[PDB]
Each structure stands twice: as structure tokens, then as C-alpha cells.
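The listed protein sequences derive, respectively, from chains B and A. Positions 11 to 87, 101 to 155, 169 to 170, 195 to 357 (the deposited numbering) are the ones given, in order, by the first sequence. Positions 11 to 87, 101 to 155, 169 to 170, 195 to 357 (the deposited numbering) are the ones given, in order, by the second sequence. We put the CB at the ideal spot given by N, CA and C, even for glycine.
2 protein chains.
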Amino acid sequence: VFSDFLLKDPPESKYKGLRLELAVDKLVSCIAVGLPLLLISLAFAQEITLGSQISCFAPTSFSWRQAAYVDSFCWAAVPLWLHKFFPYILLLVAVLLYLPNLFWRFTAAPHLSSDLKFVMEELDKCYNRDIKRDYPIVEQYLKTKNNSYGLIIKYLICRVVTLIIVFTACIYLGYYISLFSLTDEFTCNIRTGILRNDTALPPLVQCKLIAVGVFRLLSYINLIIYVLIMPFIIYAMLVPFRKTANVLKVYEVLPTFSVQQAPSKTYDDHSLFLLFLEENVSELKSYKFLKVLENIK
Amino acid sequence: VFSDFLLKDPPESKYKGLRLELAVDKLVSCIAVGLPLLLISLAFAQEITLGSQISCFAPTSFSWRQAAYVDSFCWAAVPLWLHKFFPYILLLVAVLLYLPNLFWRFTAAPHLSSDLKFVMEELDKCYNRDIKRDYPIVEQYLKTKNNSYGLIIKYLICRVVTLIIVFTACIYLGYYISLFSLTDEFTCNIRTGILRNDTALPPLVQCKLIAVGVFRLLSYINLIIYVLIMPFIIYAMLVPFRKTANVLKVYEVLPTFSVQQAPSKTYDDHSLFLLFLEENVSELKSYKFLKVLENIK
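Pasting the structure below:
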């Protein structure tokens, strides 16, 4: 009985290439973080070529600096801040979106990695020794992960943070779009604190926001992409209803492994671990041999 | 008896991946250092596009440079320095926050690393040889760390430095917010030292601070994030009341290891070492075998 409990070695950097994120979470994260960076890079580029935020039509009686004053004054205060702070909300949401994958990498990745390596090495050993009564090591190990919750708790944490951030960004951009595309100019007053009773200046002045066009374009692009990537976040968040293949069911054609009685797919570590195992089954060497073998029969 | 005291080798770069910081301290440090850098990067970017700090409405009778003089003069002196020095306090607190993890890395990390490697190699040897009377090497070694204090002293040093810096930054930003969001302009005088009795200049002039909006936004963001990450610092600082799993209790199902009588969780090196051991138990190979083994029984 107890002979295949002795730990010998990993006889290589054998795995070195396990994937610890299910490729859809990976694509979604890359896109959602990258898009605002490209947008605001272009934004800052064009704004540093324009070299101004607004332009006011000052009266000729002013000098240079006397007009620069009103042009700087009217850049301060219907909300104008949804325009003043646009290139900052995007960086903010980009960084907030980068955070959850850091959370994953530092709190769940190494545990999951060790578990995957253990299960895979055990399966390879079992097949290799029984192709030529022991205890169901892998069966009992996977039975242990049937009332724990840490892995799935952390997973759902990451997914819900991502969904919340994307939803908020969407409604912000939407209000921007539905508010600014009706005009781009406004009336500004200057004589307020000391010049209040100074008749040497106009009672009003006009100024125009000179980036509304580009910002509206970027808003449309970002909103479309985000509403496109929301459903994938939800489909990922629905773990116990995804599509699997039961690699543990392909392994049951050898003399003494198991016969998996019946699953239930509840929210627990068993389901998430099975998902990661199926994603990484590309590296299990014995898998293809057993597949063709059960095909011959 | 004395046979398992001979040092043979680490038969690989076996561990090469121990984690020397408990993932919550890691996340907190990354966030707290990174956030002000992103904020002040954006600040310096926008301020170099604006190319000015204030704007004063000089009388038309001035020339160009004669108005530049008042515009530069009134940028000097209710505190205006809380506005003048804003992009510097943030870099200061970022660097002060980076310091404690350097302190940890240089005074505690290598000792802890050697200790972890020793304990883990010893446990693996013990299991591997007794799965097929000796002295409790690991039990006595962990007994030695029961009246020393260096590790926990350094740990608490780092945590309290972090908490102090975060608290001070919070109250600074709070005073900024509660002071500047009532106005953005002030009255300035010029004729003071030589032009005092020079009637060729106005008795007053107005100037406006042209970054109050952006700085207030950054202040809100930073204050919210810092008050969010304070509780985690405290929860970390409360070492002897955290949640563990007693991996040394899972190891006691083999013939001659121990039976852990009773803990007390006082402030000492034993508790902190147990925390680090539980964090790094992902690499102990025998751990999962023993877990499934005690499950079968």
C-alpha cells in the first residue's frame, strides 16, 4: 500500500508554464486597462500641441496679460468639471482596474500553482505506474476541496470589483456624452471681487471649450468597448454554470482510479479548481495517451 | 539517535520563491507608495501645460515685464503655502513610505529566509524518513524562538511608521480641503520696499490660484484611499490575534513528531514566525500528503 507517498523530486523545471488565469479574464483585463491609457496618451499629446484649454474673446482695450487674465480666470467655477477633469478620471479608472489582478497575483496565484503542480504530478505518476490496491490520492485530495471557500471568494472579489468599475465608468462617460454635445461655449463673468464696481471692463465675455470634439470621440470609443466587454465579465462570474469536459472522467478507464459518482456544481473551490485544471490540461502528458486509449475501446 | 544531524545539501535551488511579506503588507505598501506618484505625475504634467502658477490683473499702464513682475511678486508671502508646496508634500510622503520596506529588506529578510528554509527542509526530511527514537529537531528549534524579540520589534517598527505617515498625510490633506474650497483668489500688495511712496502703481491688485480645482480633486482621491487602507494596517499590527491553521497540528499524525500542548499567542517571535510559515506552506511538499492522510483516518 504505502509506497507511493515518498516525495522524490520534480525531475525538471517540468511545468514552468502553468497558466493561472483563464484567458478570458486575461483578455478582459488587458483590454480594460490598456484602452484608457492609449486614449489619454493621445489626449495629452494633442492638448500639449494646442497649448491651451479655452479661448475667450477679450475686448481690444486689454493688453496681452490683461487678456490672459480673463482667459485663465474663466477656466474656473451646468457642470464644467465634467470637462475640466476628463483626462484624470480615465487614468483613475485605469489604475483601479489594474488593482484586482495585483490582488489575485499576490493572494491566490501561488497557492493555486502549488495545487495544480501536485495534482498533475500525482496523475502522471498514477498513470505511469498503472499502465504496466492503492489509495485514491487525487480523488481524496479533490474531495478535500469541497467545503473550503477561499479561492472562490477571492475570485468573485476580483470579478465584482472589475464589473463595478466598468459600470461606473460607463455611466460617467454617458452623462458626459449626453450633456456636452449640445454646445461648446458659455458666458463668463470677471468683475467679482475687487473690480466689481470697475466700469473699465465688459459686463460679460464669451469663451469656448476647445477639446469637446476629441473628448466626445474618445468617450464614444470607450463606452462602446466597455459595454461590449461587460457580458464576458458576467459570464466569467457565473462559474458553476460554465462548460467543462470532465478530464477526471477521461481518467477513469484505467484499472484502479475511480468512477466519479455525480457532481452538483455548487459555488465552491471544487468547481473553480476544475476550471483551472481543464485550462491547464494541455501540459498533462498522459492525457492524450488515455484519450486515444479510450478511443480504441 | 544522532544520524539526522549531518548537513548534506539543498538538492536544488529548491525553494527559490519563498515569500517574505504577508501579501497584505505588500498590497498596502504598493498602493500607498504608488498613488501619490501617479497623482503628482499628472500634477506636474498639467502644470507644465499651463505654464503658470497664478494670474494677476495688472493695470494697462504697465508694460509686459512690468506686469510679469507683479505676477511673480504675488507668488510669495491665511496660509498660501498649503497651496504653494502641495506637489512636494506628496513626493515627501511617498519616499517616507518607501523607507520602511527598505528597512525590512535590509535588516530582517535574510534571517527570516534562512529560518524558513531550515524549518521546511527539516520537516520534509522528517516526514520522508518516517513514512517508511529521534529527537524533536523542529519542536525544539521553534521552542527557542519563544523569548526572543528582534523579529517582532522590527515588524512593529515598520507597521507603526507606516501608520504614522498615513495619519499625518490624511490630516494635512483634510486641512487643505477644508481651507481652500471657499475661494480661489486674494488681494495682493506690491509697493512695499522702494516703491512704497510711488504713486505710479495701484494700491491693490487681484490674483487667482489657478490649480485649486485639480489639487482639490487629487486631495479627495488620496484622502479616501488612505482612510480606506488604515484599517488593514491596524489589523496587520494586531499579530497575536490573527487567524491561523496550526500546520504544526496537521504534522502530528505521524509516529514520532509531537503533540502541541497549548499555545498562548503572546507578542513574540513564535507568533510572527508561525504566520510566515503558514503563508509559505504552499511550498512544503509533504503538507498535502499529510493532509489527505489524516483525512483518510
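Proximal residues of chain B, C-beta to C-beta of A/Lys-348 below 7 Å: By Cβ distance, chain B contributes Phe-141, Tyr-201.
Under 9 Å (Cβ pairs) to chain B, residues found in the stretch 280–292 of chain A: Cβ contacts with chain B come from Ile-281.
Partners in chain B for A/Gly-273, counting only beta-carbon separations shorter than 9 Å: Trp-85, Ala-86, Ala-87, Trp-104, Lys-107, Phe-108, listed in chain order.
When A/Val-142, A/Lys-148, A/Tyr-235 are compared against A/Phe-336, the one with the closest alpha-carbon: Scanning A/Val-142, A/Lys-148, A/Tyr-235 for the CA closest to the CA of A/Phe-336 turns up A/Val-142.
Selection of the stretch 253–270 of chain A by Cβ proximity to chain B, strictly under 7 Å: Correct list: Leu-264, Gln-266, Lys-268, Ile-270.
Where A/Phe-246 sits in the DSSP three-state scheme: Strand, per DSSP.
Chain A residues whose Cβ lies nearer than 7 Å to that of residue 363 of chain B: The displayed coordinates of chain B run from 11 to 357. Any statement about residue 363 of chain B would go beyond what the structure contains.
Reduced DSSP secondary structure (H/G/I, E/B, other) of A/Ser-62: Reduced to three states, the DSSP call for A/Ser-62 is coil.
A/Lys-325, DSSP secondary structure in three states: A/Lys-325 falls in the coil class under three-state DSSP.
Under 9 Å by beta carbon: chain B residues contacting A/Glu-343: Going along chain B in sequence order, the residues near A/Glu-343 (Cβ under 9 Å) are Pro-133, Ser-137.
Residues from the stretch 65–77 of chain A in contact with chain B, defined by Cβ distance under 9 Å: For the stretch 65–77 of chain A, which is checked against every Cβ of chain B, the residues closer than 9 Å are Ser-65, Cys-66, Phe-67, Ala-68, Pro-69, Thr-70, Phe-72, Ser-73, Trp-74, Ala-77.
A/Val-198 (DSSP reduced to helix, strand or coil): Helix at A/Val-198.
At least 3 beta-carbon pairs within less than 8 Å: the stretch 203–220 of chain A vs the stretch 220–239 of chain B: Cβ pair count under 8 Å is below three, so no.
Members of the stretch 226–244 of chain B near chain A, C-beta cut-off 8 Å: For the stretch 226–244 of chain B, no residue has a beta-carbon sitting nearer than 8 Å to a beta-carbon of chain A.
A/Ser-241 - DSSP class collapsed to helix/strand/coil: Strand, per DSSP.
Short-range partners of chain A found in the stretch 112–133 of chain B, where Cβ spacing is below 8 Å: Result list: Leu-114, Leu-115, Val-118, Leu-122, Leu-125, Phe-126, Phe-129, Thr-130, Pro-133.
Sufficient close CB pairs (3 or more, under 8 Å) joining the stretch 242–258 of chain B to the stretch 320–334 of chain B: The stretch 242–258 of chain B, when compared against the stretch 320–334 of chain B, does not touch it at the 8 Å Cβ threshold.
For B/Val-274 and A/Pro-69, the rounded distance between their alpha carbons: Near 37 Å, if we compare the C-alpha coordinates of B/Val-274 and A/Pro-69.
Terminal residues of the alpha helix (DSSP H) in which residue 96 of chain B lies: The structure shown gives no position for residue 96 of chain B: in chain B, residue numbering passes from 87 to 101 with nothing in between.
Residues, ordered as in the chain, of the stretch 304–318 of chain A that lie near chain B by beta-carbon distance below 8 Å: Result list empty, no residue passes.
Residues of the stretch 212–223 of chain B whose Cβ lies closer than 8 Å to any Cβ of chain C, in chain order: This model lacks chain C altogether; the protein chains it does include are B and A.
Beta carbon of B/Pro-110 nearer than 8 Å to that of B/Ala-53: Their beta carbons are under 8 Å apart, which means B/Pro-110 touches B/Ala-53 by this criterion.
Buried versus exposed call for A/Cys-66 [16 or more other C-beta atoms within 10 Å across all chains shown]: Burial call: buried.
Residues near B/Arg-251 by beta carbon distance below 7 Å, same chain, minus five either side: For B/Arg-251, the CB contacts under 7 Å within the same chain, skipping 5 residues up- and downstream, are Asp-258, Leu-261 in chain order.
Spatially closest choice to B/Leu-115 from A/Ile-50, A/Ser-238, A/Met-290, by CA coordinates: For the residues A/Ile-50, A/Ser-238, A/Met-290, the minimum Cα distance to B/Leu-115 belongs to A/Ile-50.
Contact with chain B by A/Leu-277, beta-carbon distance below 8 Å: By this cut-off, A/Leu-277 is an interface position.
Closer than 8 Å to chain A by CB, B/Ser-82: Taking 8 Å as the threshold, the shortest C-beta distance from B/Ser-82 to chain A falls below it.
The alpha helix (DSSP H) enclosing A/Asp-81, as first and last residue numbers: Here the alpha helix (DSSP H) through A/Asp-81 covers 74–83.
Spatial neighbours of A/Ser-346 in its chain, beta-carbon cut-off 6 Å, leaving aside the 5 residues before and after: Setting aside the 5 residues that flank it on each side, A/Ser-346 is surrounded in the same chain by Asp-147, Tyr-150, each with a C-beta closer than 6 Å to its C-beta; the list follows chain order.
Within-8 Å CB hit, A/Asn-249 to chain B: Answer no: the Cβ-Cβ gap between A/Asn-249 and chain B never drops below 8 Å.
Interface residues of chain A facing B/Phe-15 [CB-CB closer than 8 Å]: In chain order, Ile-154, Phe-349, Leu-353 make up the part of chain A whose C-beta sits under 8 Å from the C-beta of B/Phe-15.
Span separating the alpha-carbon of A/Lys-140 from that of A/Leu-239: Take the alpha-carbon of A/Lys-140 and the one of A/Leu-239: they are about 54 Å apart.
Proximity test, Cβ basis, 8 Å: B/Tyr-25 and chain A: False, the Cβ-Cβ gap to chain A never drops below 8 Å.
Continuous alpha helix (DSSP H) stretch holding A/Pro-133: start and end: Judged by DSSP secondary structure, A/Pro-133 falls within the alpha helix (DSSP H) whose first and last residues are 132–153.
Cβ of A/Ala-296 within 8 Å of any chain B Cβ: Proximity of A/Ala-296 to chain B, defined by a Cβ-Cβ separation below 8 Å, is not satisfied.
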